[PDB]
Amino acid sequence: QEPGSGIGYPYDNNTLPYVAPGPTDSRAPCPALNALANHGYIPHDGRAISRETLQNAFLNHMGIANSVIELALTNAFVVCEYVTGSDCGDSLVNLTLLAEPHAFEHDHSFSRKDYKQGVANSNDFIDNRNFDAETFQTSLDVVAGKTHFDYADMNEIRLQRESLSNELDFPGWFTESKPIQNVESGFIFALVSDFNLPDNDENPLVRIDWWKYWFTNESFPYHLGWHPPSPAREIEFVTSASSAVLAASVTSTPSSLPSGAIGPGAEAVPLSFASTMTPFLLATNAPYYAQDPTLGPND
């Protein structure tokens, strides 16, 4: 928001306004990076981004401590080298390359289609990067009619997403990615769980309208009473939430689940790519921005 608006005060005392991405700007498959870039907390054009720029942006504007993104930074630069063919040093070339499929980006996302979802021809691919309202609605409808949801609900959401993707993706494409996805499940509980409840830190409940605002708008839901977690969330909270989602009891089982979908998940670890591998082509679509309605500087 506009610095003088005070909308972030006293949790964020140096806000910047929302500015929609233009057609030449680079955006990510990540709703957090896209929100930071839309506010210029990382470069609005989505290019040439250092580790410290990301660390500071997450810490001072989203209440996300450095420890939370340590592995994510490692993997972002691994993918940058894989896609571009050379070491990116400490200048991530752009945000778009993070949508390199079967890498950091992964199948059965909550709000994006998969790279080969519903393609009739095996060579074809689609936009696995931009926010897709119909996909996100399949996540939201698992918790339809609710204001909040818990770990077991999140487990059901990700199972629904895995079942849909395993059925709809071109045969042989679908690859389960429980470790990375459920770090991101933890990220959701870290950012938009309801800190107004007395037991938030130990038994967090996601506030659904905050989640939907953040994902749909790629900006922060201050108008709904959200503010950055204070103190900033740390990695222990995120991986404990990840664990608890995957440990939660499943009351409703979708068909067509990949083998082992129900049960614990491996620790997420650094990515690696054989130097012989050539990257899949990135989807070229212009960056998504909210248009129903378009957002103003303070939204």
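Residues carry their position along the shown sequence, with the first being 1.
Stretches compared: 79-87, 106-114. Higher mean C-alpha B-factor in the entry: 79-87. For the pair 243-251 and 48-56, the mean Cα B-factor is higher in 243-251. Residue set 30, 257, 64, 37: peak C-alpha B-factor at 257 (per PDB entry). Of the residues listed, 194, 199, 184, 218, the entry assigns the biggest Cα temperature factor to 199.
For residue 73, the recorded CA temperature factor ranks within the lowest third of the chain's modelled residues. Residue 235 sits in the middle third of its chain by CA B factor, as recorded in the PDB entry. When the CA B factors of the chain's modelled residues are split into thirds, the value for residue 222 lands in the middle one. Per the PDB record, residue ranking by Cα B-factor puts residue 125 in the highest third of the chain. Among the modelled residues of the chain, residue 288 sits in the lowest third by CA temperature factor in this PDB entry.
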